[PDB]
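Notes to accompany the following structure.
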Amino acid sequence: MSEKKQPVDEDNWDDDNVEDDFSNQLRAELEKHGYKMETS
Amino acid sequence: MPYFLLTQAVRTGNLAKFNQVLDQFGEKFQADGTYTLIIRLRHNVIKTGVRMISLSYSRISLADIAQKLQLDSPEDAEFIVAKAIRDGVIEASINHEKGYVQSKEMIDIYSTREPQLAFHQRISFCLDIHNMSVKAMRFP
Amino acid sequence: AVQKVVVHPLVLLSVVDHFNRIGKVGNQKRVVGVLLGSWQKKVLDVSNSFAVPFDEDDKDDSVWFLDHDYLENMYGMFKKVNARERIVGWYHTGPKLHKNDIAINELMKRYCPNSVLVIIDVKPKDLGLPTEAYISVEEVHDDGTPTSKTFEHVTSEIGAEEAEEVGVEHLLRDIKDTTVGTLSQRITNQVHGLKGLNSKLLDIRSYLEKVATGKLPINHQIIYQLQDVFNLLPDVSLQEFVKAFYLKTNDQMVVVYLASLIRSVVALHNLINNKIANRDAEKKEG
Amino acid sequence: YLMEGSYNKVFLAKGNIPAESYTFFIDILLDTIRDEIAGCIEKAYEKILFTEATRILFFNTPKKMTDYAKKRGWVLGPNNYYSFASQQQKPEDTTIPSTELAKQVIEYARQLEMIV
Amino acid sequence: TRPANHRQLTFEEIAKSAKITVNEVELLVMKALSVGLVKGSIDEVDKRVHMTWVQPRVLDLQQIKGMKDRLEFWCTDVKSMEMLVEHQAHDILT
């Protein structure tokens with residue numbers, strides 16, 4: 001404005017929530033998905 | 001950035017993930033004076049985990065649920081659910097013999113009550129848009 | 001047989017104004033005239049009418065007499081000026097018929113095969129749609145008693161064609177017309193509960209009164225049967241009426257959404273075009 | 001521990017407090033927790049075994065559980081307990097909410113007439 | 001006779017009143033279905049009997065008193081709720 005308080009101090013986002021779920025969980029993932037095969 | 005990692009670990013159901021962020025990133029929260037939430041948010045993390053597990057599992061064992069949420073003991077497994085029922089978090093009925101926890105899915109009341117409560121805000125807001133448009137329209 | 005009747009305001013007025021004729025000379029009783037109807041289908045229609053002098057002695061309280069020659073001449077004049085019009089029955093202003101009115105129909109039944117009698121009300125009071133319509137039939141009875149003639153109710157409605165709507169709507173100059181979509185449905189919404197209540201309340205006071213006084217019969221037969229029919233419906237959930245809830249609300253779902261859909265469009269055209277026509281038109285003037 | 005809630009974790013922390021002078025306060029904290037055992041156990045649990053509830057009430061065979069057999073009521077069964085009947089009061093609610101369902105629409109239509 | 005409805009019956013009730021075998025209660029009730037005094041459908045999986053409608057016959061003095069009480073019960077209720085409907089709609093009419 002700049003008056004008063006402030007001088008004192010589809011889209012891809014909806015799916016980017018789920019991507020954030022993929023970031024902290026199960027990586028992507030390829031390698032682990034391929035490593036779980038020979039474990040048992 | 002530190003704050004964003006905070007909410008990132010908050011929406012998750014892992015409790016240890018949440019306790020790490022306060023340790024590493026608390027130094028920034030000191031400056032904001034935002035520690036007032038960090039004590040009371042734990043209640044919301046445990047309530048989130050139990051909500052997930054409630055809808056995502058038909059029947060869950062109270063002893064086996066503690067390992068995933070690092071609940072650590074059998075006794076608090078009854079406590080979280082006790083207050084969950086007390087606050088209306090989960091409608092499941094629990095039997096203590098072993099014990100076990102079973103859950104049921106009830107509906108059909110549903111769109112009776114919830115949409116009309118929203119409509120009360122929707123329509124009132126739309127007629128307010130009409131009043132605010134008439135007000136600025138009558139000036140000429 | 002006959003289902004419903006249609007009575008125009010013109011002929012109705014023709015009863016009322018004759019009530020002003022005999023009003024000044026008085027005295028007792030009620031206006032009695034012969035009705036002129038028009039029959040184009042099973043639905044009945046009335047256009048005009050003609051009054052007839054009638055007097056009821058009191059001694060002789062069941063004595064009734066009409067003018068037949070005058071009836072012939074006046075109906076002949078109306079048949080002369082209008083070939084379509086003919087007598088469908090008779091009429092009186094009531095307000096409530098008397099037991100003697102059963103034979104009055106039997107007289108003129110030589111003129112018309114089925115003569116429908118129409119009560120009217122000259123002084124509007126209660127309880128709703130005016131006048132009345134009765135048809136003369138014989139339902140016998142399950143008792144085997146000699147045949148009793150009781151008049152049966154025929155639903156009446158006020159109507160018109162073209163020119164008769166003109167004067168009627170023109171002379172009022174009182175209340176808004178109609179107006180459909182806003183004040184036509186809500187006012188009648190309260191009319192539904194109000195006219196439902198007072199009808200039910202006067203008649204339900206009658207039901208409690210009939211067993212104390214008015215016996216016999218009264219009750220029986222017609223009373224108890226319809227009584228159980230009234231006890232046929234409680235009428236609510238359980239069960240499925242519970243399930244009509246969310247689909248009624250769900251019928252409101254799309255309606256609220258369409259509402260809010262066009263509400264923003266109204267604000268769109270109005271605010272956009274007006275704010276432009278406000279500041280951009282004022283800046284050129286000053 | 002009160003968002004957990006506790007109950008038991010607080011009972012482990014209530015043994016060791018420096019404190020000081022918190023004795024007079026932790027007795028009040030005691031009673032105000034113990035009635036919450038009774039309030040928060042049901043609704044809603046199907047049943048709980050005898051000695052299992054005796055593990056939370058502590059003592060040995062207290063008269064507090066007899067006073068709870070009065071206050072709750074609720075049920076007292078042999079070597080067990082019951083939430084009957086049933087879970088409780090069985091809300092439907094059938095035609096009771098249809099009154100306010102009509103009532104809400106009354107003033108809702110009024111808001112439609114205020115536009116008009 | 002039952003205040004009901006709650007109009008659903010049971011095979012044991014007809015088996016006790018009619019003192020007949022369960023296999024004959026079929027033609028029993030179905031005869032009345034053909035006559036038309038009652039339209040109630042029969043549950044033959046649980047042998048239960050579900051009555052519908054009713055056949056009114058005569059009346060009793062006690063039944064007239066119960067009648068006018070249950071009857072006026074209707075007018076008081078509908079008048080009280082109707083006046084609420086006009087209560088909220090009174091100020092917007094004038």
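Think of each number as a place in line: the chain as shown, counted from 1.
Technique stated in the header: electron microscopy, 4.4 Å.
Even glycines carry a Cβ here, placed using N, Cα and C.
Here the candidates are C:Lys99, C:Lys210, C:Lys275, and Swiss-Prot annotates C:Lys210 as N6-acetyllysine. Looking up C:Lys29, C:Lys42, C:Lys200 in Swiss-Prot shows the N6-acetyllysine annotation sitting on C:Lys200. Applying an under-8 Å Cβ distance to chain E, the recorded positions C:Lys176, C:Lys200, C:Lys210 reduce to C:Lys200. According to DSSP, the secondary structure content of the domain 'MPN' (C:5-140) in residues is 39 helix, 37 strand, 60 coil. Cβ contacts within 10 Å of C:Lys200 (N6-acetyllysine), excluding its own Cβ and spanning all protein chains shown: 14. The Cβ neighbour count for C:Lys210 (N6-acetyllysine), using a 10 Å radius and every protein chain shown, is 16. C:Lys176 (ubiquitin cross-link) is surrounded by 9 other CB atoms, counting those within 10 A of its CB over all protein chains shown. Between the C-alpha atoms of C:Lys176 (ubiquitin cross-link) and C:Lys200 (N6-acetyllysine), the distance comes to 30 Å.
Cα of C:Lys210 (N6-acetyllysine) to Cα of C:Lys200 (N6-acetyllysine): a span of 15 Å.
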